[PDB]
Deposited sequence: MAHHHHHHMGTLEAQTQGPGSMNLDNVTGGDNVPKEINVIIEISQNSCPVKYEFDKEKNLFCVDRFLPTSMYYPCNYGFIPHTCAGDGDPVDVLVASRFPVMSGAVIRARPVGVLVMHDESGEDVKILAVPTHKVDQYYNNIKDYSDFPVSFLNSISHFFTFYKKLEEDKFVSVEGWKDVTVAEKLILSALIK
C-alpha cells in the first residue's frame, strides 16, 4: 500500500525480495490476498536461485502478475526487504515469460557501477541464469537495458 514501483521508474525500481540468492530451494511468494509470504513449493530440483529474486510492487505484466526481477548482489538479501535497483537487461522465455536482471543502485552498492547492460556481466553468469529457469520452457535469450525499461513501463 505504502510502497511503489520505484523512485525514478524505469531507471530505478524498488524490488521486494521474495527469495534470497544462494538460499535453500524454497520458492517463497508474496500472497496479495493474505498479505503474507507463502511457501509456493520446495523446488523438485537440487537448484537454488542464482540471484535475489522478487517483484516490482504495483506492476501488472500480461499474466496480470507483477514484473519479476533478479537482483544480482554481493550478499543475499532477506525475503521481505525492499532494495533499490536498476535494470540492466531482461531474460526472455516461452513456457512468453520475462525476468528483469537488475543490480543495486550506486547508493546501495558501488560494486556494480560498471554494469550498465546485461552484457557487462561475465557470459558464464548470464548462462547460469538462463539454465536455471530452463531446467528448474524455451529460452529466447537476453535483451538490453532499454527493452527491460520498456517492459517495466508497460507494466505500470
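Where along the deposited sequence are residues missing from the model?
Residues lacking C-alpha coordinates: 1 to 24, 120 to 122, 164 to 171, 192 to 193.
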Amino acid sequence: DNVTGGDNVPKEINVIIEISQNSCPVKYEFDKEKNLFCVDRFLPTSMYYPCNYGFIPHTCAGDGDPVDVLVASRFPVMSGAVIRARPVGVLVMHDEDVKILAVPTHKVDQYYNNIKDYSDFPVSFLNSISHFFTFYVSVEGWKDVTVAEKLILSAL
From here on, numbers count along this sequence of modelled residues.
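Residue range whose averaged C-alpha B-factor is higher in the record, 116 to 124 or 65 to 73:
Between 65 to 73 and 116 to 124, it is 116 to 124.
Per the PDB record, is the mean Cα temperature factor higher over 22 to 30 or over 49 to 57?
Here the higher of the two C-alpha B-factor means belongs to 22 to 30.
For residue 35, the third of its chain into which the C-alpha B factor falls:
As the PDB entry reports it, the C-alpha B-factor of residue 35 lands in the highest third of its chain.
Taking the values exactly as deposited, rank residue 9 by C-alpha B-factor within its chain and report the matching third: lowest, middle or highest.
According to the entry, residue 9 has a C-alpha B-factor in the chain's middle third.
Using the B-factors in the PDB entry, rank residue 110's C-alpha atom against the chain and give the third, lowest, middle or highest.
Answer is highest: the recorded C-alpha B-factor places it there.
Would you check the entry's CA temperature factor for residue 155 and let me know if it's in the chain's lowest, middle or highest third?
Middle third - that is where residue 155 ends up once the chain's C-alpha B-factors are sorted.
Which third, lowest, middle or highest, does the CA B-factor of residue 103 fall in along this chain?
Residue 103: CA B-factor falls in the lowest third of its chain.
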